[PDB]
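S.K.: Here it is, the structure in full.
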Amino acid sequence: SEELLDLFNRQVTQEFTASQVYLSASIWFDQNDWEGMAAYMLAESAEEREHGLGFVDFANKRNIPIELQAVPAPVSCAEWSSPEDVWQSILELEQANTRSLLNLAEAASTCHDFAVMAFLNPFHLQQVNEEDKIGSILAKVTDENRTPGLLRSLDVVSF
Amino acid sequence: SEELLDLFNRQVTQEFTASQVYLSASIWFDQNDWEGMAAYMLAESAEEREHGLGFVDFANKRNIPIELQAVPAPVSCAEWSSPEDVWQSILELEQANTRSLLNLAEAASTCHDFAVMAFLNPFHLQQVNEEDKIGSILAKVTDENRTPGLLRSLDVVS
Amino acid sequence: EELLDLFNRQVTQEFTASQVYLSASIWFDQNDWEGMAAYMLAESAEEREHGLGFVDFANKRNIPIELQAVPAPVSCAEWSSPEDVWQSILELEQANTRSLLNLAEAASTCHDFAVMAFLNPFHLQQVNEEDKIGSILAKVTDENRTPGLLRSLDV
Amino acid sequence: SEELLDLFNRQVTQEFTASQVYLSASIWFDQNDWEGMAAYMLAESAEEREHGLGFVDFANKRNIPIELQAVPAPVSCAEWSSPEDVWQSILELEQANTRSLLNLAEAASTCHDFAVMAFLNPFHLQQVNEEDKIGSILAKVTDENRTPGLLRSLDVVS
Amino acid sequence: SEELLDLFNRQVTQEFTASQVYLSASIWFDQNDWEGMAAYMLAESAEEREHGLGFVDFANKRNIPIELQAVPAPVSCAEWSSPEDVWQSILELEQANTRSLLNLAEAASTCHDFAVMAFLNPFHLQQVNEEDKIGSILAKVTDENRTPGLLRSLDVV
Amino acid sequence: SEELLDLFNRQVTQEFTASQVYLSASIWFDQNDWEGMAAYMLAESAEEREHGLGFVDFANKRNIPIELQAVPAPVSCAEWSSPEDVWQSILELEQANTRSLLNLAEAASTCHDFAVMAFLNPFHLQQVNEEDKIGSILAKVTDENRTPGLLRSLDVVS
Ligand SMILES: [Zn+2]
Ligand SMILES: [Zn+2]
Ligand SMILES: [Zn+2]
Ligand SMILES: [Zn+2]
Ligand SMILES: [Zn+2]
Ligand SMILES: [Zn+2]
Ligand SMILES: [Zn+2]
Ligand SMILES: [Zn+2]
Ligand SMILES: [Zn+2]
Ligand SMILES: [Zn+2]
Ligand SMILES: [Zn+2]
Ligand SMILES: [Zn+2]
Ligand SMILES: [Zn+2]
Ligand SMILES: [Zn+2]
Ligand SMILES: [Zn+2]
Ligand SMILES: [Zn+2]
Ligand SMILES: [Zn+2]
Ligand SMILES: [Zn+2]
Ligand SMILES: [Zn+2]
Ligand SMILES: [Zn+2]
Ligand SMILES: [Zn+2]
């Protein structure tokens, strides 16, 4: 059925888009001397690409034809002015990855596609851990940034 | 030297664009049961991604501002009907990557940007190896494909 | 020949920079920034190795070297905080980058491909050092906004 | 003496001429994307040069004056249009290296030069092994080349 | 251009010519019982051949057509009489090959051939180290040969 | 007090001055193809700089203000024309540095500065060893330089 095929392709695009947006965050961090937060975003960019590639591989195995779409330019970088803005956009990015996965799971449930649902399970649990972790980092950032220089003092350690 | 900063940015785009094209080739091979050619392309896709990241890292160190551009949808895949069409497209892709590196070096030379020229030196030599390698694979593919089934034999001898 | 002049001058620049890093190490130590002082001391040794590297290449290439005086560092009398020191160190490295580029430009006019090849790893090294220094100065300047917080990070 | 000193010098030229012909073959193979055959010819070029050096070293010990001659430009490479042509020329090169050693041994025998004859023994036996190996490769080449693409699938293997 | 391709092809001939001239030096040293110097020249003959093979390999990768030329017979050897004569010819051989590399780089530079320039960099630096090493052996040889027999000491390396 | 703190400050200049003059000797030897003597001088150059840095470190610890002075250009190198000239200058350099440490210890002695005197003890014993070592190399050099070529054939050994 075509909607499942459509949503499956859209997931690939969403993971590669997340990959670029994480890469954009690394660059912002780096240009602004937050080497540790830049390292973390770089590692996450590589991880989102791996998610994308796992969907491509599953799709190839299951005969779901994939046609790669444009990966848009990240644009939030234009307006980030502190680490708190960057981490807030990364949280929103991950909340969007979770919504597209839940959409995909909903369509497969409708279609009684037990294999796609089994395939998605570890991704549902990984988004739980990912949102939890970003939420935690954002809480620390917005707390420590209430004292000048304190946040920097902790890029240096943690990350 | 706005020209240099522009060519440096576009170089990131070209490496990430090549990564996507290699990924599209890996998908087309996979869908047509060329698993060995698919893993080869998938490896090259990750490697093009690493090149781009290496440009980004250098640009960050040298205060060359990077803004990531869209990576366009690959479109050669619509038209491939055999492994030879894919490998031909990958050859032309690398020849465009080579051209683009050489343009960027020309711009660096003109600016006397010696750091940029030194940074590019190993990429120039890498392109020489990459085109040679593809050229040789395309020669073998084009020869073996003259007998039905024989090319299939050598996907597996990989 | 401007190329020989400049090559012999690069030796002096490296040893000059070695002494400026040693001066920074002294100011840090005297003001109880041991971490920062350790760091400048290791960079002082490193500049000296760059100078020895130019002397060795020149000897091999028959570029006559005559050692000049190594000028006294002048910036230390003015430094009042770690920000002043790291700022002067950034300028010192910028000056050295400029001087390696002018050397490479003379070598390029003369078609001296060997000297150009010899300089390549130095050009790339300067890019990494200016980046590292810029990044440390950024942290210093941010952390110094809260009394005593910078100390937390030397240590 | 005379005849023996001249032939011993000529043998040095012959080994190094052979080294260069093998190198010409490696280049032709490489330019036409036969990497495995190319590697084999490169490995043989180095080994011919070693034979050459072995003669020089023996001559030096036995006070035979060596004057190094021009090593001629390889010319068969102008004519090669497939792998079979290259292997054929290599087989004929080795049959002439064999002739040259046998002629040397002949002059040594006449002069009753037992040390020279002892020195050449392993080379005569090595020529037997070389002509046999090349004959056998040329047989396989000319058999595989009867199906388009098949030869290529076996540069890749062997 | 014609020129850059002619020069690359010739550079192979240059490295193989240097290989034979080092072989000719080893032979002269061996015939004159300078075993240590003979072994040095023999190892340098192999290395020049490796340089030539390095150019051939690059040329194949880069589609620069190579046709091997004759490697001329070594000439200096007929007139060497003492180790100083040999070392001086070897220095001159190395100086010539440095000029031949700089001329190739210049041709590559005119054509904006960045790949050939990059490929050449380690060879330019290698020449600097070779000329230096030979110049220094030659200074020692011409100093020790002032006392009869003493230079036999350099040889027992 | 003033005189002691000044002499301590200027001991740093004397060590760094000695470092540069060793470096200059290493350059003269290298330029004249005495690589063995050049390596020896280079290593002593690094050692004189470590002695300087030992003074700086102790001064930092004992709150003796250090103001780094110009390190003078070495000038003996303009008149050196044989290895014996270089080694004789190096000997005078070390005798000068010994006198310079003894004066420092004498000022510390008048000041009852037991810490400085303890700090200096191993430097005094090091100067003894260095003078003896250089005296000994100089005697060998002067003796061997009586026969042309002979000194050369001992840079090579050592
Ligand atoms: Zn960075
Ligand atoms: Zn993650
Ligand atoms: Zn994901
Ligand atoms: Zn994610
Ligand atoms: Zn598959
Ligand atoms: Zn690759
Ligand atoms: Zn690339
Ligand atoms: Zn590529
Ligand atoms: Zn201290
Ligand atoms: Zn430096
Ligand atoms: Zn530096
Ligand atoms: Zn090849
Ligand atoms: Zn063989
Ligand atoms: Zn042979
Ligand atoms: Zn043979
Ligand atoms: Zn011998
Ligand atoms: Zn060479
Ligand atoms: Zn050479
Ligand atoms: Zn030297
Ligand atoms: Zn000392
Ligand atoms: Zn001393």
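S.K.: Modelled label-to-label distance, residue F:147 and residue C:110, 7 Å Cα→beta-carbon offset: nm?
M.R.: A separation of 4.2 nm, rounded to one decimal place.
S.K.: Please list 3J(HN,Hα) in residue order for segment F:101-109, calculated via the Karplus relation 6.51 cos²θ - 1.76 cosθ + 1.60 where θ = phi - 60°; whole Hz, with x for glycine and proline.
M.R.: For segment F:101-109, the Karplus curve yields 6, 5, 4, 4, 5, 4, 4, 5, 3 Hz.
S.K.: Under a point spin-label approximation (7 Å from Cα along Cα-to-Cβ), what is the residue A:10-residue F:84 distance to one decimal in nm?
M.R.: For the pair residue A:10/residue F:84, the computed spacing is 9.5 nm.
S.K.: At most 16 other Cβ atoms within 10 Å and a DSSP loop assignment: could you name the GluC sites (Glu not before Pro) in segment E:41-129 that fit?
M.R.: Answer in residue order: E:67, E:79.
S.K.: Taking the beta-carbon count within 10 Å as an exposure proxy, list C:123, A:112 from fewest neighbours to most.
M.R.: A:112, C:123
S.K.: For residue C:80 paired with residue E:156, estimate the spin-label separation in nm (one decimal), with each label point 7 Å from Cα along the Cα-to-Cβ line.
M.R.: The two pseudo-label positions are separated by 7.3 nm.
S.K.: Zone of residue A:1 (label point 7 Å along Cα→Cβ, backbone N under 16 Å): which residues in segment A:105-125?
M.R.: A:105-118
S.K.: Can you work out ³J(HN,Hα) from phi for every residue in segment A:39-45, in order, using Karplus 6.51 cos²θ - 1.76 cosθ + 1.60 and θ = phi - 60°, giving whole Hz and x for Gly and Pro?
M.R.: Couplings: 4, 4, 5, 4, 5, 5, 4 Hz.
S.K.: Under a 5 Å amide H to amide H cut-off, with H placed in plane at 1.01 Å, what residues pair with residue F:71 once short-range neighbours are removed?
M.R.: Here the answer is C:70, C:72, since their amide H atoms fall under 5 Å of that of residue F:71.
S.K.: Evaluate the relative contact order of chain C (contact order divided by residue number), counting alpha-carbon pairs under 8 angstrom at least 6 apart; express in whole percent.
M.R.: So the answer I get is 29 percent.
S.K.: Oh, and also: From other protein chains only, count the Cβ atoms within 10 Å of every residue's Cβ in E:68-78, then give the mean.
M.R.: 5
S.K.: Cross-link partners among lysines for residue C:139, C-alpha distance below 30 Å, same-chain residues fewer than 8 apart left out?
M.R.: Cross-link targets: A:133, A:140, B:61, F:61.
S.K.: Which of F:134, D:90 comes first, and how do the rest follow, when ranked by fewest Cβ neighbours within 10 Å?
M.R.: F:134, D:90
S.K.: Cross-link candidates for residue B:140: which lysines have Cα within less than 21 Å, leaving aside residues fewer than 8 places away along the same chain?
M.R.: Reachable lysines: D:140, E:61.
S.K.: Under 8 Å for C-alpha pairs, at least 6 residues apart: give me the relative contact order for chain F, rounded to a whole percent.
M.R.: Rounded, it is 28 percent for chain F.
S.K.: What do you get for trypsin sites (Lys or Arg not before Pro) in segment D:66-150 restricted to DSSP loop and a cutoff of at most 11 other Cβ within 10 Å of the site's Cβ?
M.R.: D:146
S.K.: Additional query: Calculated FRET efficiency, residue A:129 and residue A:39, Cβ-Cβ r, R0 25 Å, to nearest 0.05?
M.R.: 0.85
S.K.: Of the trypsin sites (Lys or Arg not before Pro) in segment C:106-155, which ones lie in a loop per DSSP and count no more than 13 other C-beta atoms within 10 Å?
M.R.: C:145
Just so you know, all these numbers are worked out from the coordinates, no wet-lab data involved. Because the Cβ atoms are built from the backbone with ideal geometry, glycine has one as well, and the counts that use them run over all protein chains shown.
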